[PDB]
Amino acid sequence: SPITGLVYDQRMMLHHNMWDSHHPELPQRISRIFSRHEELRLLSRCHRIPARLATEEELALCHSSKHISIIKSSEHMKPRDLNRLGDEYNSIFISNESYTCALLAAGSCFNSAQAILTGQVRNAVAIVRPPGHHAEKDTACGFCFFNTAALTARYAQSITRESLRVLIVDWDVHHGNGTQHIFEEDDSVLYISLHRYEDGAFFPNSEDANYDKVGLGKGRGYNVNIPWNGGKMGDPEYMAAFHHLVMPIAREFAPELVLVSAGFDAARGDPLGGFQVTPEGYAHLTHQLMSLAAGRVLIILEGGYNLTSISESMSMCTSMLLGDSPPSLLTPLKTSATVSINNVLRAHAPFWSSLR
Ligand SMILES: NNC(=O)c1ccc(Cn2nnc(-c3ccccn3)n2)nc1
Ligand SMILES: [K+]
Ligand SMILES: [K+]
Ligand SMILES: [Zn+2]
């Protein structure tokens, strides 16, 4: 009821890079975040939600039978065939434990969404790996095998109603290409992504991440890309994007469930992101999202590679979900961030009355 759920399972650490033990998507990303929850005495304040495996029928909510079979077959592959398989995708490493870990990341979030929708908890945090937002219906991409957040939105609809309004806010520094594509023609799942773009120089290097990709057919206006260019964005820019775009659109949509594709790679210290969002910044973003869907928010870990930065930033999010007071939070925005916000406003004003 006025309770916060938490899911963490050390078995998700088994997925590893056998060729490059220093690859940034480390097993210790989740163990360090979990340890930070214990240090801050946040863990004991949460209701512990068990991890479970997603079933193949559950993966079929978003992914093709071919994709599921190929990833599933990797459990039995010798190192040379895992190397060959991983090479078929853009930025993927596979071990014999990868498939099981991807299943545990998905099942953990389904048990979390279930705990929220059955009223066992009000909100929840899922300390999971490998991430999921780059995974497409038919392919793995950018360290992602199955689209955990997209699958969770479909799972939530499968236990309530097909038309359950789900908002996905993706604040990982990378565009969730897989999430956008899965729901592109869908008006029941509003996808809002903030991401470093650099006119396509930043991963995943596609114009699909630009502000003018507003969705297709009945999904027109239900895909909101907030792309950053020419600038090391931080709290002022993220707070402004939430003030002018994320919160007015989300309030008009009136979601019944909020999923956060919460990568912490836009954080200060992240070696891949190059951005400066502070743990207090993430706490303010989380607190804002809690005003939606009667507080039904599920925070799902995506990217984020500086171990101290992700541990502090995610723990700060859990603290906000537990009802703790938002911490003290800057400056005028980078000129290109105003350009980006204004481009999104022009793109989405025809679909949202709150922007007009
Ligand atoms: N949420 N998505 C992501 O977090 C995401 C996905 C894909 C990439 C591409 N990439 N960048 N650096 C690398 C890299 C660095 C060191 C060793 C091997 N690889 N790989 N970046 C980030
Ligand atoms: K994003
Ligand atoms: K959509
Ligand atoms: Zn990322």
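Residues numbered from 1 in each chain as written, not as in the entry; some residues may be left out. Chains lettered and ligands numbered in written order. Heavy atoms only, no water. Residues with missing side-chain atoms left out of burial classes, pairs and counts.

- Deposited coordinates in this entry are attributed by the record to X-ray crystallography, at a stated resolution of 1.51 Å.

1. As for the site of ligand 1
- Taken together, 14 residues sit near ligand 1, with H133, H134, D172, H174 and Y305 positioned nearest.
- A distance of 3.3 Å separates a nitrogen atom of ligand 1 from a polar atom in the side chain of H174.
- For ligand 1, whose accessible area on its own is 500 Å², the fraction buried by protein is 74%.
- Of the residues belonging to the shell around ligand 1, the class tally is five nonpolar, six polar and three charged. (Near = heavy atom within 4 Å. Polar contact = N/O pair within 3.5 Å; in protein donor to acceptor, adjacent residues only side chain to side chain. Areas by Shrake-Rupley, 256 points an atom, 1.4 Å probe, with all protein chains shown as cover. Nonpolar A, V, L, I, M, F, W, Y, C, P; charged D, E, K, R; others polar.)

2. Some words on the coordination of the potassium ion (ligand 3)
- Around the potassium ion (ligand 3), the protein contributes the donor atoms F183 (O), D186 (O), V189 (O) and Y222 (O), at 2.6 to 2.9 Å from the metal centre.
- All donors of the potassium ion (ligand 3) come from a single chain, and their spacing in sequence reads F-x2-D-x2-V-x32-Y. One end of the pair, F183, is in helix 7 (residues 177-183); the other, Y222, is in the loop between strand 5 (189-196) and strand 6 (223-228), with 39 residues separating them in the sequence.
- Judged by relative accessible area, which is 2%, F183 ranks as buried.
- Of the residues examined, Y222 reaches a relative accessible area of 22% and is grouped as partly exposed. (Donors = N, O, S within 2.8 Å, 3.2 Å for Na, K, Ca; no water. Helix = DSSP H or I, 4+ residues; strand = E, 2+ residues; numbered from the N terminus. Buried < 20%, exposed > 50% of the residue type's maximum accessible area, 1.4 Å probe, protein only.)

3. Some remarks on the coordination of the potassium ion (ligand 2)
- Around the potassium ion (ligand 2), the protein contributes the donor atoms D170 (O), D170 (OD), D172 (O), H174 (O), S193 (OG) and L194 (O), which lie 2.6 to 2.9 Å from the metal centre.
- Coordination geometry of the potassium ion (ligand 2): the six donor atoms subtend angles of 70 to 163° at the metal centre, consistent with an arrangement described as irregular.
- We note that the donor set of the potassium ion (ligand 2) lies within a single chain, spaced as D-x1-D-x1-H-x18-S-L. Of this pair, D170 sits in strand 4 (residues 166-170) while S193 sits in strand 5, and the two are 23 residues apart along the sequence.
- Given a relative accessible area of 0%, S193 falls into the buried group. (Tetrahedral: all angles 85-135°; square planar, octahedral: opposite > 155°, others 65-115°.)

4. Thoughts on the packing of aromatic side chains
- Applying the stated criterion across every chain, the model contains 11 aromatic pairs.
- Both rings, one in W228 and one in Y238, keep their centres 5.5 Å apart while their planes meet at 40°; by these two values the pair is tilted. In this pair, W228 sits in strand 6 while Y238 sits in helix 8 (residues 235-253), placing the two residues 10 residues apart along the sequence.
- For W228, a relative accessible area of 0% puts it in the buried group. (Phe/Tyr/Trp six-rings, centres within 6.5 Å; stacked < 30°, edge-to-face > 60°.)

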